[PDB]
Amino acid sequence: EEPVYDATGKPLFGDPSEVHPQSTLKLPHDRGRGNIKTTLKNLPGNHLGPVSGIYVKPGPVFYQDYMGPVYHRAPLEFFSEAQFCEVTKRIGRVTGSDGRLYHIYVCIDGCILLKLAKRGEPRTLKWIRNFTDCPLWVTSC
């Protein structure tokens, strides 16, 4: 099971793992003045308040700051292969729970998708299950 982490950077269970050096999440980094929601077009303070980066969970729900536990790596246990989406918006580069670098997208239908950053696995993965209701910290400001 992939850990979630508190705002202090400590995992709530299990062991910590490093994020990929080329992820758009750079740690350590503070966060959590509030749970401040945003939208894809308002993706990053700004007019909505404090910004610590980009966070996303299935829904889709986006935040620009978040106080509760978050994933530092995409929990691949909760992703499944899905179909190629022709209309996507790339939002960052995330570490998978497998330690590899993925590009992360939001599809025009609202689905959160990953593609492996390195060539060789052309498939699209989709975040199917919002099991813990914790967002993924995609990028830090």
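We number the residues from 1 along the sequence you see.
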Residues of the deposited sequence left unbuilt between residue 45 and residue 44: 4 to 9
Higher-scoring stretch by recorded Cα B factor average, 83-91 or 54-62: 83-91
Can you tell me which stretch has the higher mean Cα B-factor, 113-121 or 128-136? 128-136
Residue with highest C-alpha B-factor in the PDB entry, from 74, 104, 107, 101: 107
Which is it among 34, 96, 68, 49: the one with the largest CA B-factor in the entry? 49
Considering every modelled residue of the chain and its Cα B-factor in the PDB entry, is residue 23 in the lowest, middle or highest third? lowest
Going by the CA temperature factor in the PDB record, which third of the chain does residue 7 belong to: lowest, middle or highest? middle
